[PDB]
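Right, one structure below, let's go through it.
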Amino acid sequence: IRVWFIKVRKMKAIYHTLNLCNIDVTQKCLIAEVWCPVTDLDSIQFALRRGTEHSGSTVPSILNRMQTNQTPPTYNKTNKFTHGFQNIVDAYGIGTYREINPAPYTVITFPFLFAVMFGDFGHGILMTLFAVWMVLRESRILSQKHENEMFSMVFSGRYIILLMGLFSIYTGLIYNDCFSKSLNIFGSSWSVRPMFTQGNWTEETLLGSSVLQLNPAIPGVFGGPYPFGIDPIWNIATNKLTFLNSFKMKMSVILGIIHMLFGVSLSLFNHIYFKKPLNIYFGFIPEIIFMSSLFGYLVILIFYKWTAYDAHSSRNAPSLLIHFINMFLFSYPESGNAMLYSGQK
Amino acid sequence: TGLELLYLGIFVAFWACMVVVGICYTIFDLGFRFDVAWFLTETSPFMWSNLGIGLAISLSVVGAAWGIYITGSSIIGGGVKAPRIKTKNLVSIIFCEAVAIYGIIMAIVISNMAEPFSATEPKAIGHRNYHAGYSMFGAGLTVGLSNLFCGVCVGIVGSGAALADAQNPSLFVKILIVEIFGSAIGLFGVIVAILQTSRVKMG
Amino acid sequence: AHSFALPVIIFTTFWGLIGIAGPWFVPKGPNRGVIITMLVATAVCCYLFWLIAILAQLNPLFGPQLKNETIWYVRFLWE
Amino acid sequence: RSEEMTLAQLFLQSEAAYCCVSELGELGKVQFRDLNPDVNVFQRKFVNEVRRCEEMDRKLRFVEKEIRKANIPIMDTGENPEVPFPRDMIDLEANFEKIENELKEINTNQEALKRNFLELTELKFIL
Amino acid sequence: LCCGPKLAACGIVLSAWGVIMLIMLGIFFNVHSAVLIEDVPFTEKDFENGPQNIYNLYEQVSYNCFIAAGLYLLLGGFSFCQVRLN
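Structure (structure tokens):
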């Protein structure tokens with residue numbers, strides 16, 4: 297009788313949907329309108345042929361095409377890979393008819409931002425190992441009953457967790473963060489005490505038991521760029537927080553501005569397809585110009601300061617944030633802050 | 002209410018003591034022992050600075066929490082018979098956190114300009130450090146209180162809009178106008194806190 | 003002692019190689035655009051992150067702060 | 006776009022359109038929409054079959070409730086069947102009513118159960 | 005049977021993690037000879053003569069890592085044995 301339950305629900309649905317047909321039966325005008333895609337018309341007319349085969353009336357049971365001006369529904373044709381990421385975006389809002397699909401870009405820029413937020417080596421390795429376990433054992437777990445609903449929604453995001461762990465491993469490598477300690481792989485370039493003795497640096501370490509004895513930049517051979525990531529010495533420096541804060545704040549702001557310009561440039565595609573000259577002409581253009589003029593300048597200024605000022609100019613090194621406050625308030629004091637570059641006015 | 006009575010008793014005792022002490026001292030020709038200069042010159046500028054720094058984030062966080070709860074309770078409760086309102090009405094929470102974001106940025110900005118000195122007497126410290134400490138305290142206080150009241154108003158109107166949206170879909174998109182107009186006062190508070198400390202050169 | 007032109011050349015050439023060559027030689031199937039977007043945006047984000055991390059160190063302003071024990075130890079380890 | 010056209014009409018009434026729409030539902034690649042007038046649910050051409058279906062669901066719900074109170078697990082791993090549109094289905098539901106009727110009499114025998122307790126309580130006045 | 009598989013799987017992965025991490029940390033101590041960046045902890049309040057005492061003590065410290073690895077490996081073997089009790 298459980299089979300009968302399945303059958304009963306089926307026929308109930310059939311009759312309920314057949315109720316929707318037209319409100320007349322003269323000349324056999326019992327007709328119902330249907331949303332159906334284009335790639336599956338052959339199966340639909342094959343179904344109609346099957347229905348007439350089950351019927352003894354031998355009638356074509358077909359009708360000609362027509363078009364109206366209603367709003368069609370949207371369906372994201374997913375496969376084993378894109379589904380986990382399309383479901384994540386559809387959870388907040390359903391795209392219009394022909395909206396720029398955001399899954400193809402999201403599928404990657406999501407774990408990247410996560411890895412920026414979660415940039416550690418060992419934890420990333422653990423996540424990718426869990427991903428490998430869950431991916432390889434998919435067939436048995438799928439054909440298995442589990443009481444843990446948390447595990448079901450975890451299992452939904454398979455390739456999510458996989459790519460997330462991969463980029464987490466990468467960003468653990470790039471910060472030279474590995475369980476909170478750097479990995480000195482191919483050399484340090486900062487502390488050379490035998491060279492430091494040239495610059496009046498000897499016998500201080502007797503008082504070293506109670507002082508800190510700052511290291512300067514460029515007594516002649518210091519500085520130099522580590523080819524890959526953060527120099528390991530910073531990991532043991534007591535003032536690491538200052539440089540780490542500066543570098544991380546700047547990276548975060550730069551990442552955020554390019555994300556937004558990406559957004560608006562992508563929007564320009566959305567409007568040009570829909571044949572809306574007004575929106576492109578008096579929409580996209582002022583907003584992109586505003587975004588650029590207001591913050592691409594900040595990005596370029598940050599990069600200029602990075603590639604411009606050496607160690608010997610540590611006195612009166614210009615500060616960008618105060619210059620931005622003066623950008624907003626239009627205030628130019630005669631002194632107190634030197635111009636970062638000539639002709640800034 | 003016992004707590005209100007306790008607060009009233011403490012407040013009334015405090016002000017009665019102040020009034021009586023003031024009157025007897027003024028009648029007693031002892032105005033030379035009321036030298037407010039010593040009171041506002043013994044205090045270090047760094048105390049004023051650091052109190053301002055603490056408040057400039059503390060009060061903003063308090064306002065953010067107030068608005069968060071006041072809108073979230075109604076958002077969660079009213080969606081039982083309409084799950085559609087979970088994602089439509091997330092703007093209020095976003096603004097309730099943007100308040101704290103502004104507070105943190107202001108804390109970072111004012112946190113600068115903290116170079117110590119060596120003077121230990123009023124004649125040696127000078128006017129500049131006193132101005133710095135007072136200005137930083139004032140900026141912290143104003144930004145904190147502005148963002149507090151801002152967050153409270155934002156949360157209240159967010160609750161109202163979220164609760165009203167469950168009746169008819171075409172309501173919220175126009176009721177959010179008051180929601181957006183809420184944040185302007187916090188923006189003004191940040192601007193004034195910026196301007197008050199634009200000429201400090203402590204060091 | 004480290005070089006700067008050599009690493010920038012090596013990593014820029016590697017990331018250009020992947021990000022440009024990968025799209026050109028994909029099989030003609032149904033999953034073409036997905037893989038193209040994945041690889042291209044990967045190379046972009048990856049290389050940009052490395053470039054920012056490396057330029058943040060070029061031309062430092064102040065050296066590290068090292069305890070005295072580390073100052074003693076670095077004598078006879080890095081040398 | 007996702008689709009080029011989505012409002013083609015290829016459906017016409019027949020004497021066995023039930024089988025046509027059943028097979029179309031089996032396909033699982035269409036959605037239905039009509040009845041702009043929004044008539045009341047009890048002015049319908051097919052109201053009687055919906056009422057019959059509701060009666061079958063009510064009877065079925067009662068029997069499955071009784072089964073679940075028996076703590077007897079149900080197994081559902083067989084094939085998906087095809088609905089028997091001709092009048093044979095009628096005979097089937099007749100049998101189902103008999104099943105429900107048996108359950109009714111079983112509850113009548115639960116009257117006996119009450120009598121049992123009218124004596125078990127009696128045992129507790131042994132003193 | 006004893007120490008059912010439900011927790012024994014977690015125990016086995018934990019033991020594998022312990023063996024691997026302890027072995028690698030010990031090897032990092034020994035091969036790099038306990039560079040202060042990767043090896044702060046130690047026990048000596050007097051080293052002003054020379055580095056040889058420091059190196060000897062750091063070798064002594066790094067020695068315990070392999071004992072920890074052996075204990076973790078024995079734990080993993082015990083858990084694997086309990087898994088076979090079916």
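Residue numbers (full-length UniProt numbering), protein chains in the order written: chain A, 297 to 641; chain B, 2 to 204; chain C, 3 to 81; chain D, 6 to 132; chain E, 5 to 90. For every residue, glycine included, the Cβ atom is placed at its ideal position computed from N, Cα and C.
- The Cβ-Cβ distance between B/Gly152 and B/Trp67 falls below 8 angstroms.
- Looking at the backbone, the Cα of A/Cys474 and that of A/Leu562 are separated by about 36 angstroms.
- For B/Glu98, same chain residues with a beta-carbon under 7 angstroms away, outside a window of 5 residues either side, are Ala65 in chain order.
- With a threshold of 8 angstroms between beta carbons, C/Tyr75 makes contact with chain E.
- For the segment 349-370 of chain A, the set of residues with a beta-carbon nearer than 8 angstroms to any beta-carbon of chain C is empty.
- With a contact defined as Cβ atoms closer than 8 angstroms, D/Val35 and A/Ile340 qualify at about 7 angstroms.
- Looking from the CA of A/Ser353, the closest CA among D/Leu17, D/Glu9, D/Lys103, D/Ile79 belongs to D/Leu17.
- DSSP links D/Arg38 through a beta bridge to A/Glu329.
- For the segment 338-349 of chain A, the set of residues with a beta-carbon nearer than 8 angstroms to any beta-carbon of chain D comprises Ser339, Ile340, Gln341, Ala343, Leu344, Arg346, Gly347, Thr348, in chain order.
- At the C-beta level, A/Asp606 and C/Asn61 come within 8 angstroms of one another.
- Residues of chain D with a Cβ closer than 9 angstroms to the Cβ of A/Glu329 are, in chain order, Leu12, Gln14, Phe16, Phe37, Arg38, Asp39.
- By the criterion of at least three beta-carbon pairs nearer than 8 angstroms, the segment 4-18 of chain C is not in contact with the segment 142-150 of chain B.
- Within the same chain, Cβ atoms closer than 7 angstroms to the Cβ of E/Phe32 are found at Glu42, the five residues on either side in sequence being excluded.
- By the CB criterion at 8 angstroms, B/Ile71 and B/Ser160 fall inside the cutoff.
- Three or more Cβ pairs closer than 8 angstroms define a contact, and the segment 360-370 of chain A meets that threshold against the segment 8-15 of chain D.
- Your pair B/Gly53 and B/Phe138 checks out as a contact, with CB atoms roughly 4 angstroms apart and the cut at 8 angstroms.
- Taking the CA atoms as reference points, E/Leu5 sits about 57 angstroms from B/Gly156.
- Interface residue (Cβ-Cβ distance to chain E less than 8 angstroms): A/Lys477 is classified as such.
- With a minimum length of 4 residues, the unbroken runs of alpha helix (DSSP H) contained wholly in the segment 405-493 of chain A fall at 417-432, 434-438, 445-452, 454-470, 489-492.
- The C-alpha of B/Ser112 is placed about 22 angstroms away from the C-alpha of C/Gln67.
- With a 10 Å radius around the Cβ and a threshold of 16 neighbouring Cβ atoms, A/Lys303 comes out buried.
- Using a Cβ-Cβ cut-off of 8 angstroms, C/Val36 is close to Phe377, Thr378, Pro400, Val403 of chain A, given in chain order.
- Using a Cβ-Cβ cut-off of 8 angstroms, A/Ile319 is close to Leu40, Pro42, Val44, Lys50 of chain D, given in chain order.
- Sorting C/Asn70, C/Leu53, C/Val76 by C-alpha distance to the C-alpha of A/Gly504 places C/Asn70 at the top.
- Using a Cβ-Cβ distance cut-off of 8 angstroms, the segment 484-497 of chain A and the segment 524-538 of chain A are in contact, since at least three pairs of beta carbons, one from each stretch, lie closer than that value.
- Excluding the 5 residues flanking it on each side, A/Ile465 has same chain C-beta neighbours closer than 7 angstroms at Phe417, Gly420, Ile421, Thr424, in chain order.
- The straight-line gap separating the alpha-carbon atoms of E/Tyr76 and A/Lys544 is approximately 38 angstroms.
- The beta carbon of C/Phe64 falls within 8 angstroms of a beta carbon belonging to chain A, placing the residue at that interface.
- If you ignore the 5 residues before and after B/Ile126, its C-beta comes within less than 8 angstroms of the C-beta of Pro46, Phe118, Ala120, all in its own chain and listed in chain order.
- Looking at C/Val36, C/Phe64, C/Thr44, the one whose alpha-carbon comes closest to that of A/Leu409 is C/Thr44.
- When the beta-carbon positions are compared, A/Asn318 and A/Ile327 come within less than 8 angstroms of each other.
- In terms of CA proximity to B/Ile109, A/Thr538 leads the group A/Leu557, A/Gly639, A/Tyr637, A/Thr538.
- Going by C-alpha positions, B/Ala165 is about 13 angstroms away from B/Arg85.
- Burial state of A/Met460 is buried, judged by a 10 Å Cβ sphere holding 16 or more other Cβ atoms.
- A direct Cα-Cα distance of roughly 14 angstroms separates B/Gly3 from B/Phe12.
- Residue A/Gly516 holds the alpha-carbon nearest to the alpha-carbon of A/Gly495 among A/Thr534, A/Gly516, A/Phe406.
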